[PDB]
Protein chains: 2
Amino acid sequence: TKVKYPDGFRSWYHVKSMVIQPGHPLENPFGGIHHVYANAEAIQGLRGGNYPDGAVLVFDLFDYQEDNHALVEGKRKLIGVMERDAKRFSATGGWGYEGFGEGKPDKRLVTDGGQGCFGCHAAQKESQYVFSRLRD
Amino acid sequence: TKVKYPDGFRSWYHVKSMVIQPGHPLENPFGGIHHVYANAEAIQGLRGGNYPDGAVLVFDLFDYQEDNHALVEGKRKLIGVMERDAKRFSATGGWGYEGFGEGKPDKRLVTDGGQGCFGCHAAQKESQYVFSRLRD
Ligand code: HEC
Ligand code: HEC
Ligand SMILES: [Zn+2]
Ligand SMILES: [Zn+2]
């Protein structure tokens, strides 16, 4: 019933990126520069298919340093992970939600079976609980 | 003698990202959110191996918009492209330099054989004229 650590996600397709600066509603704990990655199965859902079991999306969050009006990536803060399994994760709309502190497999962040994550993602039910959209 | 448009570069490994904001010395013309991509041959050279002819690095530059203490990706401004051919691009350190406006294959930007690009990259001779470093 645990989300698997998504080994090798850095080699996956880069969906998009966004900077969340101090003052943003999501600052705690998602402040920083994040990159969204999708495995092959998740790309099927992002393209307008149904997300297959085994789809994984990763929210890869870095600290940044503002230096002379450049925002420069610092250390990895955490990753967020969504793992599709319609049966195993039925209580949170078919996605398992986990966080890994500093992107380390032994630093699991979710302590409520992913209900809090799901509570916010639920608004995106019509896009299968996923915020990020494919871009060129 | 022309640098090839790097078709399918959006499927390549994402090396790193950076934001260049107003008041930074590179704001014209590199202001925005940029993502660096590397093909297989470029990964060999980055990882600390040497760069094979055929290595390609892409600088993918987006305008961004301010949205309530987030910086959100906007339209693509341009791509920069370095293609390795030690013999063909010998006049610019063995990399061919090209810009494509809005990332469109039909909007080539470089008019001086890439000597302007190379002038800045020459400072990075000890890393084979590449600024970007691999990160986790
Ligand atoms: C200094 C005034 C520069 C000039 C002129 C050009 N580039 Fe460059 N480039 C510069 C920097 C500081 C960086 C690193 C950005 C980062 O995120 O660390 C880059 C990077 C590239 C890359 C990616 C590979 C690398 O060397 O890191 C490419 C593909 C690239 N630049 C291409 C490019 C082209 C085609 C230029 C002339 C049109 C050009 N650059 C000029 C700094 C400078
Ligand atoms: C209060 C709102 C909110 C909460 C709580 C939340 N997120 Fe999300 N999450 C977002 C938003 C907004 C995005 C889209 C970011 C973007 O567009 O770059 C996002 C994106 C993601 C993504 C990339 C896929 C997508 O849907 O775009 C993953 C993976 C993710 N979140 C995981 C988590 C996990 C794991 C938790 C709990 C540990 C969680 N999130 C909590 C708002 C939330
Ligand atoms: Zn405010
Ligand atoms: Zn600033």
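Just the heavy atoms: all of them, side chains too, but no hydrogens, waters or symmetry mates, feed the values below. One-based numbering, in listed order, for ligands and for the atoms of each. Letters A, B, ... are given to chains in the order of the sequence lines, protein chains preceding strands, and every chain is numbered from 1.
Atoms of ligand 2 lying under 4.0 Å from at least one heavy atom of A:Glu98, given by number and element, are 35 (C). When each atom of ligand 2 is checked for a heavy atom of A:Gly80 under 4.0 Å away, the hits are 29 (C). Applying the 4.0 Å criterion to heavy atoms of A:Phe30 picks out, from ligand 2, the atoms 6 (C), 7 (N), 8 (Fe), 39 (C), 40 (N), 41 (C). Heavy-atom contacts of A:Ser132 reach the following atoms of ligand 2: 25 (C), 27 (O) (cutoff under 4.0 Å).
Of all the heavy atoms of B:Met18, the ones lying under 4.0 Å from any atom of ligand 1 belong exclusively to the side chain. Counting heavy atoms under 4.0 Å from ligand 1, residue B:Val81 touches it through the backbone alone.
At least one heavy atom of A:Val110 sits less than 4.0 Å from an atom of ligand 2. Not a single heavy atom of B:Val15 sits under 4.0 Å from any atom of ligand 1.
At a 3.5 angstrom cut-off on N or O pairs, A:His34 counts as close to ligand 2.
The six-membered or imidazole ring of A:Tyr51 lies away from that of A:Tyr129, with a centre-to-centre distance of 6.0 Å or more.
Using a cut-off of 4.0 Å between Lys/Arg side-chain N and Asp/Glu carboxylate O, A:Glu102 and A:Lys107 are scored as salt-bridged. A salt bridge links B:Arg108 with B:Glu98: at least one charged nitrogen is closer than 4.0 Å to a carboxylate oxygen. A salt bridge does not link B:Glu73 with A:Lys16: none of the charged nitrogens is closer than 4.0 Å to a carboxylate oxygen.
At least one side-chain heavy atom of B:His35 sits less than 4.5 Å from a side-chain heavy atom of B:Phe62.
Closest heavy-atom approach to atom 1 (C) of ligand 1 among the candidates B:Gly116, B:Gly119, B:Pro25, B:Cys120: B:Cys120. By heavy-atom distance, the residue among B:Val36, B:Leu78, B:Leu46, B:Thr92 lying nearest atom 23 (C) of ligand 1 is B:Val36. The option with the heavy atom closest to atom 38 (C) of ligand 2, from among B:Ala70, A:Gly99, A:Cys117, is A:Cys117. Across B:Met82, B:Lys16, B:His121, B:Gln115, heavy-atom proximity to atom 31 (N) of ligand 1 is greatest for B:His121.
In terms of heavy atoms, A:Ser132 sits closest to A:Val15 at CB-CG1, 4.3 Å.
In this structure, CD on B:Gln115 lies 6.0 Å from OG1 on B:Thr92, to the nearest 0.5 angstrom. Once rounded to the nearest 0.5 Å, the distance linking CG of A:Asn39 with CD of A:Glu83 reads 9.5 Å. Atom CZ of residue B:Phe30 and atom CG of residue B:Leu78 lie 6.5 Å apart, to the nearest 0.5 angstrom.
The protein heavy-atom contact nearest to atom 19 (C) of ligand 2 is A:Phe131 CD1, 3.7 Å.
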